[PDB]
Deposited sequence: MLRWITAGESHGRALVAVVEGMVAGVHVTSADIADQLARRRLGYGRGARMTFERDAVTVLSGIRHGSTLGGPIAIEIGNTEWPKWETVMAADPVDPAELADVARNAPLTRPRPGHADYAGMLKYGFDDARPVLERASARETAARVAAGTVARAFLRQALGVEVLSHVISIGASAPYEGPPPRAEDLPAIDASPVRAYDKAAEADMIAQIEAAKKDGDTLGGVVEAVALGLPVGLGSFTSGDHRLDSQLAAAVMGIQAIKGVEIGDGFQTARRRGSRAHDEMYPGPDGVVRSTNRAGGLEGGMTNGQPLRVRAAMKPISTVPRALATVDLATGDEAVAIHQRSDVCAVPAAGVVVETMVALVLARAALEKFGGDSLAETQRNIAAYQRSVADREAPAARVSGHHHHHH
């Protein structure tokens, strides 16, 4: 089974992604990874040599074994003592201001619950791993998944921003793959010019007020065959798996498949996607279901929406308690941006790609790309022969 794991602290030496269970023969390079990492940095309101492929790829082709990708920390020299792996003289450490105690947990962040859970008197060990810097390692892994999906299935994954702050949501038609350059060129990764202007204005107002914004993003996967995922149990359903992968992204508080919560307000006669005869099989005129029925891909674009909360580190830090003393306090000062919704969209693409690649390998099997491709072709033919 395809599996992915990330490791690293935000201010540690490096991040590492490991992908296991990918077939041999998938073309992917350090440049591909760097390109996707650059996309994760996109957005209004927020070193390529830092990527090193350590294992599992040779001459731009996957080997079949575990793929380990390292992302170096360019500011490691500042953190090499505070985040040293090995012991440091506590006296030396005591003189380092940067090592000062972090005992005022931020509302909305992992700090408080993680400190209690792990018995830590300091937030440092929690925030270092909880930080969304970890999504960089996710994107490295996702690049391997996305290469596989393209090469094996002709599938493309993209995202666009639906709303930021109080903007009027974009409810027009979703983009296609050919639209991604324009989307990534938008300061807010919008597919609609009116929505773009509205969102930029919301960010400007928040920026002036010293506040932060969340938003809603939609990931779209195009070209999927029918029958990835299964109805046979809750955990094998693709909607279940996608919901896990997307809700587990930092700051995501909501996930929808297709029209989601709006579907719940509709009558059955107007809520589903009717089927009609077509040249090359069944066709539909709507995609309210977002490309999934009974936990399976149904031929239509997959559409997954995610709601991101506004960043919790607000420049003037919110009210909290100093756990050292029990006193009222203002929260620890940390990384804050006005809005990270466009980047959150890119992270959603990655998690969607990983889950789709896993599901594809489950159905089509194979140990090399050519093998998997033969199996895909035979299945497609069998469906066509219906």
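**Student:** Numbered from 1 along the deposited sequence, what ranges are absent from the coordinates?
**Tutor:** Missing C-alpha atoms (numbering from 1) occur across the ranges 47 to 52, 393 to 407.
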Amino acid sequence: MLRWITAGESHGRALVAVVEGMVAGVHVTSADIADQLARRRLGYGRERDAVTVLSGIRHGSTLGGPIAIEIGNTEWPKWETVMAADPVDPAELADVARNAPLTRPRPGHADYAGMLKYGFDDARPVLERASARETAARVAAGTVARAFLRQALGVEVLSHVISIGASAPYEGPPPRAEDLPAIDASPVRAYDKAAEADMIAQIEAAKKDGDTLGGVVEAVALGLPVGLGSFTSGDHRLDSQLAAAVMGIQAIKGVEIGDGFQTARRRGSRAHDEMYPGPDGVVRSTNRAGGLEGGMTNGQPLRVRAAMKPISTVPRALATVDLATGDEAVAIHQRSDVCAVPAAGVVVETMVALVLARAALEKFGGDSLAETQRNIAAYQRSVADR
From here on, numbers count along this sequence of modelled residues.
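**Student:** On average, are the C-alpha B-factors higher in 327 to 335 or in 63 to 71?
**Tutor:** If you average the C-alpha B-factors of 327 to 335 and of 63 to 71, the larger mean comes out for 327 to 335.
**Student:** Should the higher mean CA B-factor in the entry be assigned to 374 to 382 or to 359 to 367?
**Tutor:** Comparing averages over the C-alpha atoms only gives 374 to 382.
**Student:** Hey, out of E128, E134, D273, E196, whose CA B-factor is highest in the deposited coordinates?
**Tutor:** The record points to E196.
**Student:** According to the Cα B-factor stored in this entry, which of the following is highest: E204, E218, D111, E293?
**Tutor:** Highest CA B-factor of the listed options: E204.
**Student:** Based on the deposited C-alpha B factors for this chain, I'd like to know if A100 is in the lowest, middle or highest third.
**Tutor:** Tercile = highest for this residue's CA B-factor.
**Student:** Would you mind ranking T350 by its C-alpha B-factor against the rest of the chain and naming the third, lowest, middle or highest?
**Tutor:** Lowest third, going by the recorded CA B-factors of the chain.
**Student:** Name the third of the chain's ranked CA B-factors that contains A317, choosing lowest, middle or highest.
**Tutor:** For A317, whose C-alpha B-factor we compare with every modelled residue in the chain, the answer is the highest third.
**Student:** Sort the modelled residues of this chain by their C-alpha B factor and say whether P174 lands in the lowest, middle or highest third.
**Tutor:** Highest third - that is where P174 ends up once the chain's C-alpha B-factors are sorted.
**Student:** Would you please rank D89 by its C-alpha temperature factor against the other modelled residues of its chain and give the third it falls in: lowest, middle or highest?
**Tutor:** According to the entry, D89 has a C-alpha B-factor in the chain's highest third.
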